[PDB]
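Just the one chain here, laid out as structure tokens, in the form deposited in one PDB entry.
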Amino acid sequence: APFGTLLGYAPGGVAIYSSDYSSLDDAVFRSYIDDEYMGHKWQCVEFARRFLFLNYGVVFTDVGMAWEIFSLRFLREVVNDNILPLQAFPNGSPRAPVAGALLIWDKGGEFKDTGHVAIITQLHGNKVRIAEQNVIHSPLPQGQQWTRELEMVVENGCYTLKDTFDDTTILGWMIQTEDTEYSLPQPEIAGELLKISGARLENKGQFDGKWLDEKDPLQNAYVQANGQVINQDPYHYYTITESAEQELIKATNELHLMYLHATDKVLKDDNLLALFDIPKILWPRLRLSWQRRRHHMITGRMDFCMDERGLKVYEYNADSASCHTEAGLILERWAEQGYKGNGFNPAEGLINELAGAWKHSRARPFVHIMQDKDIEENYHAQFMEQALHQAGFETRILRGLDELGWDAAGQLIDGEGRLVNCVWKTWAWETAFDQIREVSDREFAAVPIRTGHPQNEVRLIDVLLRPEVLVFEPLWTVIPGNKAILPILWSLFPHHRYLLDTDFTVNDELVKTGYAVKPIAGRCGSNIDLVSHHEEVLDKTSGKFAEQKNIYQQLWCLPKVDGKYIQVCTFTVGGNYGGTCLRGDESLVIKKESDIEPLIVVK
């Protein structure tokens, strides 16, 4: 049948649609049940996630290809943002495949690159029935709630399934259970595949003059702030394998889920929330934000240490992150200007990824962009306006707060008298929180915002905390963006392969490993102390956050490659991977001024 024709249903009344597109017949492809994303119409993964969500209220994280599901080790229980264990069993297992189980195909043969996923609906003595999308594209017999049956051989308590295809490879099945018996250990990637490698373009003088296009306003805003410069030596770049990017993608999606799970735990317990030093008057507002804008985050940036020892996350800049322009535009132009290879810039789709996120946000039609008066934020703010524009929103850029004012009744208006009720900001929420802390000893029954002023002087907090102004990033993002969340994540996922032991005191293990001291609300590599296991100060930075509470994180130094310490960063857009970029510095501490290093992912 044509694309999206209803073919029948799997157990429980879960539809099965034809996913046959033809050359003869982009946001419309996103399949959602409420605010929960099921996948892409009407692929194998979309059916499997929807089946699991409609029948058991659970879902698995975003994956590029179906075969990757087999590498996952948990499922998110949607109604309470809970995390359940998911075990994997290889085909030919003592662990029989029960109804409800995920059945995964590695890539290969009939499922060439994608691999495949289906749901086991019923087990028999010598076969199982399964349901799936993207195999059967014709209507199923009336009332039949399975698409295919696969023969199952049961020898000596071992179970083996055989496909109806002759060139495919069945990885195995998956069960949501705490019972690890017979299960496969979580796949671990070979260190060597994570090594970052230096490389060099041929010098044909490609970066001699004005290589950035000064006709493009965005690029020129970038030059006004930085010159025709990305890194020290533009002829030099670094590369990472595709296996490595795949690993980056996987960790980004998983850690985003871990962080929102620890955010939920935080907001559910005053003792945990207290650890963040956020003004108590905001607490109920933080809870309400989390409840109603749960799915409204547009973008954030994770900072990682990646090399042969593995993948580790230092932090998640979820409130207000930048580098998007550098990764998604300047490096594109850099590649266009001088890269002649087969590889690619892992951040190439960032602008479109952002546009999609905005299309599916609940942002108002007109969005005011609030940036500070720093030429450096100009391009960041304009790069985002480009995504907003592409998604169909109207915008106006506010530089500083001077243009903002109030009518007689106190409504917030811009320099043109237009009402400001939706803003995307470059300002960190914490900056506004400082305005409440300044008058901490006053007895306000509410966030002390102004609804009027003789001189019409509008402060940041007078915009961001007006109840009817719809702000992005949402207020709750200050929680995953606050390093006080690291000890909590370590407590929730002790010894997780991507986490570093982090604590509020230098505990015993940190003593022996050496640690990094970081302010909980700092950024840009400010006020950071790196202390060795030999108890010597390896490095230290200055900055405005010296008075804040600090956390202590197990020392795990950036690798040094081709003379520079290299840090890997990934972007999240709507909660999922949206790209990777590199920061390189002569020291162990990346900072606001550290270079962005051209990165090419090679297959």
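What we label the rigid core is the largest C-alpha set whose atoms superpose within 1.5 Å from one form to the other. Don't overthink the numbering: it's just position in the shown sequence, from 1.
Note that the form deposited in another entry isn't included here; everything after this is about it.
Rigid-core-referenced C-alpha movement of 2 Å or more between the shown form and the other one, selected from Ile413, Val223, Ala363, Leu273: The residue that shifts is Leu273.
Taking the rigid core as the reference frame, is the Cα of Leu140 displaced by 2 Å or more between the shown form and the other one? Yes, shifts by 2 Å or more.
Answer yes if the CA of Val561 moves 2 Å or more between the shown form and the other one after aligning the rigid core, and no otherwise. No: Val561 shifts by under 2 Å between the shown form and the other one.
Kindly check if the Cα atom of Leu510 is displaced 2 angstroms or more between the shown form and the other one relative to the superposed rigid core. Yes.
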